[PDB]
Each structure stands twice: as structure tokens, then as C-alpha cells.
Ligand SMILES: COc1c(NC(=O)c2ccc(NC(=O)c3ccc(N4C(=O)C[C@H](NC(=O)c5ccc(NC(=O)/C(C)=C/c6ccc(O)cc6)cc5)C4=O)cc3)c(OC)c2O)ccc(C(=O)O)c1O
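For reference, the chain that follows is the form solved without the named molecule, supplied as C-alpha cells.
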């Protein structure tokens, strides 16, 4: 879209590190392709769980991660913009229904993988509750980036607050059975896609794993590390 649209959704400081504010002909072409291909799939009434939808959704999320420079606050801002900006459709062709389709297809791309790791009742719980708190993740990841950026101790009260927030979001879709949660950890160790579209860097993930280890540490038994 236009630089005027971005100017009213981002401050001047933010625009200096938002890649979308760069004029780049190849970035623009890729977005024309991603939007055009989404609209075509919707026009064919393509199911979100077909491979064509899964592929396109994966391409979108990787592009969005690059074009927000990995900043979850910027993903949040673009999410606000898509739903509120009056000339979103005229300027970009993006509609709330398109974003819903892409998000549902991206969910299906992960549920297809979890189907190989979970039994039937665990997979049904995760499908049912997948979206319950999905939208709370960007604000948590933003706070995780901030904790890591500010060198907060993962064992501080604020650090454990973040680990507790993570647990509540994770348990929202994984359930609360320790046996089931270990399947999710194994899957995440083996399946690189499950960590895509989370706006986590290696450093922030390391910070979170440390805070979780403190939270979950047992008095007896093999400890974390």
C-alpha cells in the first residue's frame, strides 16, 4: 500500500525499522503474488486444510515475519490495520476474510503435523481449543522480547510471571496432562514447522526455556538443561 497508510499506522521512529516502509520492487511483487493467490484460492472455495492453502499460508507467515523485521509489535500493528483501516481493501486487496483464511490454513498446517504425534482425544482437544487464546500470543512474545532485551533474570518474579503466562496459553490448546504435554515437546523438537510464525528468535526462545525450567523444576527427578 501507500506510504501514507503506513505513516498513519506507525510512528516516524518505527518506520525507520519497518521493512514495509522501504520501497522495494521485489517485496511489492511478492505481496502482489501472495494476495492474488489468496484471493484465487478463496474464489475457488479452496479448503484451508488442502496443501495449496497450507503452502500459501506458510509463505505468508514467513513473509510477514521478514517484513515486520521479526518485531511482534509490528505484527500486532498490521493486524490492527487490516481490520480498521478504511482503505485497506482498495490499497492492498486484503480483507478480514482473507486473513481469517490464511490464519486457519496456517493452523491446519500445524494440526496436520500434530495429528502424527497425538492420540485421537488429544488431537480433538487441540483442534477444539486451538484458537481460544491464539491472539494473546503476540503481546506475550513482545514482552518476552522485552525481557530478553533488558536482560531480565528468568528466575525473577517478572520472569516467572512471563513463564506462567506462557503456560496458560500453551495449556489452552495442549491441555493440562503432563503425559500429553511431553508429546508436544517431542513434536516441537522434531518438527521445525511447529515453531514457525511465532516471532521467536533463538535468543528469546532460550530466555523462555530458562524461565520455564525454573517454573517447572521438581525437587527430585532429572532436572532441565
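Positions refer to the first chain, counted from 1.
The next section is about a form of this same protein that is not shown, the form deposited with the named molecule bound.
In the bound PDB entry, the named molecule lies within 4.5 Å of some heavy atom of residue 28.
Among heavy atoms of residue 200, some come within 4.5 Å of the named molecule in the bound PDB entry.
The closest non-hydrogen atom of residue 88 lies within 4.5 Å of the named molecule in the bound PDB entry.
Under a 4.5 angstroms non-hydrogen atom cutoff, the named molecule in the bound PDB entry lacks residue 46 among its neighbouring residues.
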